[PDB]
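Below: one protein chain in two forms, given as structure tokens, structure 1 then structure 2.
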Structure 1
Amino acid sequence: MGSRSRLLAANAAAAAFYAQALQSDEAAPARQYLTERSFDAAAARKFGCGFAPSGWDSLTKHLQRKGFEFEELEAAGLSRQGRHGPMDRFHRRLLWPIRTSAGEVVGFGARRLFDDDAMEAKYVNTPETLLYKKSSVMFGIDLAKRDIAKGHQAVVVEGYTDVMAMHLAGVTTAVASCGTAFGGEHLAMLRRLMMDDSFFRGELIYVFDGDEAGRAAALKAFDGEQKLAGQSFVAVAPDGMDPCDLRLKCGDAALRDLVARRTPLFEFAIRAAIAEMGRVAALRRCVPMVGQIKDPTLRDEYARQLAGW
């Protein structure tokens, strides 16, 4: 009663309820969002997409009629106390269920659809619960679990739709940061999956959108390496575009090629720091970045091109 397995059962029931609600008449703008960026009904079914209806307590009453207590639904991050009693967390938004590697639903990502939504924020998430941990949660990990372990390769994208675009394109190793900064506990989980017996072989591919944030995300690499920046790589789409948009304009094959055309994470972060730039401030900014490389042989390789670049 209020146990881990019970909280999981509520989320699975909520995922079913929300998935069904996507076919309602009021969920047409949610279906529009998906079809407008080329995700068909079968794709929406694969990732478990749903719609949080306009009834303020419609999930809560639905789960309450199946025997779930309000105390359990608050613990699961599904319901919360309103003025008139128990009410839903999510309201009039396109939902993606966020699943563990096994495939157990632990929370939801909720995107804004209507201009009269009281919540101004573009994306909204499940709060910190027993099951949901912002720092370790990853969208797409259930579907990619097998192919990253077999292929020894993980592709990290930013958004929910970027993962969907990647998996439909054939890049089934794609996963997302999931409503927060990526680093620390996802790397541990991804490293752990790509490990052969005893030693680390695989590689990690970050795919940033064409933006100033591309470099401003890449500088985080040097802030704690965790011996994975040597095996980390960077791909960047034609300026302005993210993976979801790239698949719309240039098709599924263009995304597979994007992942193939990857630069090492150090090389990218350094050469980008040199590119957008003088020589006084340059050699000040770049020599700490190279010095923080813990491997001596790999440090010497990049240390050569500081004179060149």
Structure 2
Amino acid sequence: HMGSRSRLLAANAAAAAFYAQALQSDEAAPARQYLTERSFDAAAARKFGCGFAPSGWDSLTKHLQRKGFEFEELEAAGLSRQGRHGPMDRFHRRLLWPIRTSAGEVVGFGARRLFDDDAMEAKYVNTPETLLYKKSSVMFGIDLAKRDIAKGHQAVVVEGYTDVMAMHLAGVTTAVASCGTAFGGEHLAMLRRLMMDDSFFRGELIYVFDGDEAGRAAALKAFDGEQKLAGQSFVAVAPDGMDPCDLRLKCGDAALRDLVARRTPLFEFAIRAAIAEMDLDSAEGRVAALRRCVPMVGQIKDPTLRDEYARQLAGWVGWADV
């Protein structure tokens, strides 16, 4: 029993149920307001397991001790830590999102700062590394997304918790997000696994960025490694400045669906964005543009894909019929 995988999972399952209840308190008002301020109702907050970590020292820690969980289990679980005068909660006075496995089991939390006088000055904090929680592979929304990424052959990677919430509310039930870190190798590996039918990788990785310089970071990165999934990787960017949560507030659910559906392939986005910052109305600027994008096509390792982009370059700078 003591400190097994399933015991820690029972503790986190217990913790999330408590924090859920705590969102229905008087001091948790600013957490609820944060939610309604960006159009997430009580049905939504419940669907994503949204909770509140209350003030005080050890509200959760005592709760789980009083229902049989020893403190050593809770430390390895990541829910509690050792203070000067005994045990205390890890999370205090924050809006919490439970972070789940693909099966739906809670393995940790992401926690947003609400109050200006809270000692922890970081905007987001997470559960640290545990037997359950692994920063590099864990994804918010993956529990709600799993069935629909396999059926639709599609995963949609967004930046934050409220972006997943907004996407799923607007019918983009394939949206997921890395928690407290960059989206990386083993997040890709896990989505890749879900999108196998037989031994073939089938589907699309649609990255949704916000602020076009964050999108240009991924573009200049797109030729770097072995380019494994580059051919099936796509980009969607909101009307400049905006993110999925904001785009939904202004323009509604349908604007999000259309943002995802009108995604551009990753190489095409990289090449054309580099053509965009150039003068295409003279022979000189024509020439300069090719001088910088022919090398980009040069780096595409897949010869089918390289030829496809090489074919279209002249058309894009204006030298030929598109």
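In this text, rigid core is short for the largest set of C-alphas that superpose within 1.5 Å between two forms. All residue numbers here refer to structure 1's sequence, counted from 1.
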### Message
For the core superposition between structure 1 and structure 2, please identify the residue among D223, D197, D116, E120 whose CA shift reaches 2 Å or more.
### Response
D223
#### Entry: Large Cα shift (2 Å or above) at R31 between structure 1 and structure 2, core-fitted
no
### Task
Inspect the rigid-core superposition and answer whether the C-alpha of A269 shifts by 2 angstroms or more between structure 1 and structure 2.
yes
### Message
Is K249 displaced by at least 2 Å at its C-alpha between structure 1 and structure 2 when the rigid core is overlaid?
### Response
no
### Query
By how many angstrom is the Cα of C286 displaced between structure 1 and structure 2 when the rigid core is overlaid?
6.0
### Query
What is the magnitude, in angstrom, of the C-alpha shift at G210 between structure 1 and structure 2 when the rigid core serves as the superposition reference?
2.1
### Query
With both forms fitted on the core, how large is the C-alpha shift of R83 between structure 1 and structure 2 in Å?
1.2
